[PDB]
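Trainee: Output the structure for:
(chains A, B, C and D, ligands or ions: 1)
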Amino acid sequence: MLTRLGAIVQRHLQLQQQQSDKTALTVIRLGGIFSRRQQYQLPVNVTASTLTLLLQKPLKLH
Amino acid sequence: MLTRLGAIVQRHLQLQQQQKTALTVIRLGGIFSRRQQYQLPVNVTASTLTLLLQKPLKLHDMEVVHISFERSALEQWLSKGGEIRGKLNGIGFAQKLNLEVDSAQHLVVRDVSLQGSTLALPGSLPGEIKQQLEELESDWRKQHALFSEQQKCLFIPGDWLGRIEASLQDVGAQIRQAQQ
Amino acid sequence: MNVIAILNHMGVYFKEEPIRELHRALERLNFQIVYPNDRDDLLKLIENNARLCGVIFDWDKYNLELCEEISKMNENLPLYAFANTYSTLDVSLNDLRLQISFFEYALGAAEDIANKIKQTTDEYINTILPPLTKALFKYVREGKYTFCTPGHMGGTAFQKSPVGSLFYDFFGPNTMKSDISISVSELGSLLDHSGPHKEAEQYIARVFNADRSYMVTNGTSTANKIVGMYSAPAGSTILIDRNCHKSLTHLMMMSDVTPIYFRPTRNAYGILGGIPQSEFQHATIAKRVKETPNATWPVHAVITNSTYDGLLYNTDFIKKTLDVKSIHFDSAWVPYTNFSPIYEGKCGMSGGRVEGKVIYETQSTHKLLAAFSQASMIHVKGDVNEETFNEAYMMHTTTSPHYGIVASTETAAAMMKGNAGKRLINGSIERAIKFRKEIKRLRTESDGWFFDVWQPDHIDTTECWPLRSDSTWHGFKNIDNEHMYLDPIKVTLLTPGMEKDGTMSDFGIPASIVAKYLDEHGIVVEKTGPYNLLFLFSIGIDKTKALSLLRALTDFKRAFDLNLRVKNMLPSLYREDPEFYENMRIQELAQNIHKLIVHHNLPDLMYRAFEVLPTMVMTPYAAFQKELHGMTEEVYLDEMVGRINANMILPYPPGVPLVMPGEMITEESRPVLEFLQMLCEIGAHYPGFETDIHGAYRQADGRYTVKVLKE
Amino acid sequence: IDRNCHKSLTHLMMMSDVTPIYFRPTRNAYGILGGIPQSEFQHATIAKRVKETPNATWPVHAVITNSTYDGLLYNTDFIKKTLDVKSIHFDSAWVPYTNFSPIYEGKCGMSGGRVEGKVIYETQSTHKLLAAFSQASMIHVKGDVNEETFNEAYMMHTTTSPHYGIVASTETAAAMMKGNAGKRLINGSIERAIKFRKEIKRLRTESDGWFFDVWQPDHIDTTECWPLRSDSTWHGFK
Ligand SMILES: *Cc1c(COP(=O)(O)O)cnc(C)c1O
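Mentor: Numbers count the residues shown, from 1 in each chain, chains lettered A, B, ... in the order given. Next up is the structure itself:
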């Protein structure tokens, strides 16, 4: 069922990456009295130890 | 018991080397502006202890032979400061005395004539050692009582009785030396 | 900076006349003119005179004897060489950093030449200075903002009070105007780490070979606490060194951690050795975890490299064997292990980036360099959490720091770049080795006793002397080879009084008497005690202070051999007790103290009191929680054996922590009590030689007092 | 701890395992916050927030921002009697002069005497509105409390090698104000401030158009601290 569930997630994420221009990712720029800024990821929107991310223009990695 | 008696006897001699009769005022570490003091540690533990003096004085238009202070009130005056209140001859109310610190680390009670009077504490096995020694001694008597009833077994060699009894008498000879 | 040098004389008139015209033009802009003689004269006007910035010489006379020697001392030094018609360069002048400014021998144009020298000198000032210090000097002459902090505003409030004018005239107008806070935008903020402060950290780390460096404005004691608040959460395990500092003691009392103490080596003279290589193994560290209650895997390690005496370690073996992702090297005494070929691979910054690990260093700035007080650095070699490690800096530094210290902290890093900075480290080493040879030369040729230097028998080489296993000068039993190194600039003087096997002798003079004699002439002894000494030979110790130390040592032998009086030798000691020191000579006091050392047995009660570590019952953080409520009692000096102490014992001599605040003294550490009773019976019969222990105050009968917790 | 706290006071609550209780100071519409009302200092108001806040016992310390960042003094004659806190703190980081003038009596913690059973702690800033180098402050203690415990926290934050150039200037600020020659700087700054306040109202009516206004009562002829009454419209505090 793992090799079959991956095909369902692949088909589900295929229709979600086509309309990914509605909401993107944004990291805060904390400063005030501090040096280098901090970087983080999605908050409670992903309740799992392995979160997923979608990209607009696909590239050839590895 | 060797790992227990060997530590209690080692702890007994550790406390005996720690300790006519005078009261030497001691200090503490840290960083403080003025000078804070404190009473004796394990030497005195009572709440309403008494203190003796050498040369008697005339305090409050009367003589006194012993002055008693409160342990709860002595810890505050010697640390926070202010004034101390102490009764005379163990009776009456806690009147205010002219007590201050001495250069020789003593407690000089001043009067109306600016006289010196060095205070002292009355003379007397710690309580911590006695609590652990009596519990260990009772355990040795229970183990020796079991052996002093089943030693008549016929199926036991005779050469083994010379080493089992010697191991019990060696522990008993050491537990009776520290309690002297 | 206004010295102009004009070397040599051609003898002709068409070349000396422009020199005479330029002599009257440079003096109008405040410049000193000097006339050196031969080639060796100009070389002495650079090493001894640092305020020189102009060298005028003929290009067609010494085109190779000057361009090579000057390049070996300064790279950006302007060279106002005058060329001729048939002038050219040389093939051996391509790999040399020089600044040559060509001119001519034209009459009447001497005024235009003076304007070019002044502008070139201004370019030299704006180049060697960092952008943080350069912006601070320019803000005084141009930046004039009102309604800012502090309230003095360049010394304005001091000009309205009679008592304030005396304090303003002491420093200077440029001193008060340089003290600015975060109310300036063109200079940035120290805590913000942006603008000039951003490039300043990348400049210091590049000079001292590091990835990222900080500018601590609260002394070295603060930099040691910032690292401890990173790899030590509320409930972990650290590997702190036994030979720690008072700053590291408070670090263990503020974090709820379980530290593990090591067992450094030592000899009989009191010289602190080092930690053996067996303690850095994996089976040794994991063995103490199960034996110590409430302790997990250590995630931080603190190593005192070097110690207070001056003995470096081997970082090439610790970075591979010690499996700790947070190793700390307290380099608070060696801020020079970089610009010298005899220090490669000996510190934490020397080498590459170790994967999975990182090196921490807290180099002191106002100790052996040149800067204002309350200055330190944090050297990081690797990848750390800057988003969290910086949070510990704000807990000890205010939001309005003093920029006068920041300008001097970065200045020490700017004084090291180039050949002008490399000669400061090597110059102190050459003066130290020369001082070491003068002791052995005046030892055999002399007639009687003489001081000795704790050094090997062969000191002809110029490098760090390793502590081998087949030597007798170090006196360490079973020492690891290629692990302990000797600091050349840290000269340890050994006074005659002991033997080579660790025993005593009949004739001997303690080091405490010699330390009081050096203070009469102004020489402050860094470390003293039994039969050892210590002096600091940093970059600020010139040849005057080095030669003056030997003269004071030779005068002590003359006053001791002739048997003089104490009043006619030590006037400061005589004023403490003129009645007792009346009919006493220098030989009577030196022999009475030496007999007390043999009688009370000092070397034996000291070597056996530091090896056995006290039984640590609870963590040092739990001991401070009982003091906050008021549960601290008092016991005698002999009643402290068997209780939980609250303060750290720092006995002098030597100067190492005896019992940590939170450790119980059991019967296993028997020489610990015998060491405290030995110092009290010896420092209670002669004024001036009292016992100095940070934790045991002097009373009125002889026995000292400590502070423990309640039962 | 007071609600209008500084960034330095924020890190203090993150280093000590304590349960702070925040107040609700008064405020208007111009962004100028007033002060904590007198109802918050009562015994029925403090004890009400203890039961509502889990893991909280009887408060033993109180931090009061007096004055605030804008400069609004409170009334210490009423706080030292109603507020039942043995350790009341006054963040006097903006008024290092409430002593050298008779129009500042009974307005700070140092004015008056020693409160029986209470202590006053103040952190008066030195390099803010005085004359000294940077990194300088003072801690005023008015009472008979434990000093060794309060002294151990000083060495944990301050290094063992202080800078005497700042210590010489920190004490100088206390010497420049002593005597009549120093008191003229406090009264002189007040006279120059009142004169600047009158120049705004003078150049407002005589001008032709809009002009700046000073947040001050309609009557500024007196030379003292103008109280915030309830029958006025300049403060705007409801
Ligand atoms: C001297 C020293 C310190 C104290 O340095 P400061 O910058 O003056 O606080 C801290 N640690 C060590 C190892 C020292 O030798």
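
Trainee: Run through the residues that contact the residue in chain A that chain B sits nearest to.
Mentor: Chain B sits closest to residue A:33 of chain A, with a gap of 31.8 Å, by CB to the nearest CB. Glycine gets a C-beta too; all of them are placed from N, C-alpha and C. Counting by CB atoms under 8 Å, 6 or more residues apart in numbering or on different chains, residue A:33 touches C:189, C:191-192, C:394, C:399, D:7.

Trainee: need the contact list for residue C:73.
Mentor: Applying CB under 8 Å, 6+ apart, we find residue C:73 in contact with C:46-47, C:419-420, C:423.

Trainee: of those, buried ones?
Mentor: Using 16 or more other CB atoms under 10 Å in any protein chain shown as the burial test, those include C:46, C:420, C:423 as buried.

Trainee: Return the subset of the residues you listed lying in helices.
Mentor: Judged by DSSP state H, helices contain the following of the buried ones among the contacts of residue C:73: C:46, C:420, C:423.

Trainee: Out of those residues, flag the one nearest to residue B:44.
Mentor: Using CB to CB, residue C:423 comes nearest to residue B:44 of these, at 68.4 Å.

Trainee: Can you tell me the closest non-neighbouring residue to the closest one?
Mentor: Spatial nearest neighbour of residue C:423, chain neighbours left out: residue C:73 (6.7 Å); criterion: CB to CB, 6 or more residues apart in numbering or on different chains.

Trainee: same thing with residue B:10?
Mentor: Leaving aside its sequence neighbours, residue B:10 sits nearest to residue C:667 (CB to CB, 6+ apart; 5.2 Å).

Trainee: Next: residue C:214.
Mentor: Nearest residue to residue C:214, sequence neighbours excluded (CB to CB, 6+ apart): residue C:378, at 4.2 Å.

Trainee: The residue nearest to residue B:10 - how many residues pack around it?
Mentor: Counted with other CB atoms under 10 Å in any protein chain shown, residues neighbouring residue C:667 total 15.

Trainee: what's residue 7 sitting at in phi/psi?
Mentor: If you meant another chain, say so; for now it's chain A. Here is the backbone geometry of residue A:7 (degrees, to the nearest 10): phi -70, psi -30.

Trainee: please go with chain C instead
Mentor: Backbone torsions of residue C:7, given as degrees, to the nearest 10, read phi -90, psi 140.

Trainee: try residue C:664
Mentor: Recorded main-chain torsions at residue C:664 are phi -100, psi 130, according to degrees, to the nearest 10.

Trainee: again with the one 4 residues further on
Mentor: With angles defined as degrees, to the nearest 10, residue C:668 sits at phi -70, psi -30.

Trainee: what sits against it?
Mentor: Contact analysis of residue C:668 by CB under 8 Å, 6+ apart lists C:612, C:615.

Trainee: hmm, try it at 10 Å
Mentor: B:10, C:612-615 (CB atoms under 10 Å, 6 or more residues apart in numbering or on different chains).

Trainee: Residue C:74 now?
Mentor: C:46-47, C:50, C:52-53, C:55, C:97-99, C:128, C:418-421, C:423.

Trainee: count of neighbours near the residue of chain B found nearest chain A?
Mentor: Nearest to chain A, among the residues of chain B, is residue B:31, at 31.8 Å (CB to the nearest CB). By other CB under 10 Å, 11 other residues sit near residue B:31.

Trainee: Next one: it relative to residue C:218, how far apart?
Mentor: For residue B:31, the distance to residue C:218 (CB to CB, to the nearest Å) stands at 19 Å.

Trainee: and what of residue C:270?
Mentor: Residue C:270 is 31 Å from residue C:218, by CB to CB.

Trainee: Equivalent analysis for residue C:52, please.
Mentor: Distance, residue C:52 to residue C:218, using CB to CB: 37 Å.

Trainee: do residue C:45 as well
Mentor: Going from residue C:45 to residue C:218 by CB to CB gives 40 Å.

Trainee: So if I had to pick from the two, which one is more boxed in?
Mentor: residue C:218 (23 against 16).

Trainee: wait, isn't the more buried one in contact with residue C:406?
Mentor: No. Assessed by CB atoms under 10 Å, residue C:218 is found out of contact with residue C:406, at 11.9 Å.

Trainee: What residues does chain A have near the ligand?
Mentor: Applying CB under 6 Å from any ligand atom, we find that chain A lies next to the ligand at no residue.

Trainee: Pick out the residue in chain A sitting closest to the ligand.
Mentor: Residue nearest to the ligand within chain A (CB to the nearest ligand atom): residue A:35, separated by 22.3 Å.

Trainee: Next up, the contacts around that residue.
Mentor: Going by CB under 10 Å, 6+ apart, residue A:35 touches C:191-194, C:197-198, C:201, C:212, C:214, C:386-387, C:389-390, C:393.

Trainee: Show me what stretch C:117-129 is in contact with.
Mentor: C:1-2, C:4, C:22, C:25-26, C:29-31, C:53-54, C:56, C:74-78, C:80, C:99, C:101, C:103, C:134-138, C:407, C:410-411, C:414-415, C:417-418, C:420.

Trainee: Report the separation between the nearest residue to residue C:161 once chain neighbours are set aside and chain B.
Mentor: Once flanking residues are discounted, residue C:161 sits nearest to residue D:176: 4.7 Å by CB to CB, 6+ apart. To chain B, residue D:176 is 26 Å away according to CB to the nearest CB, to the nearest Å.
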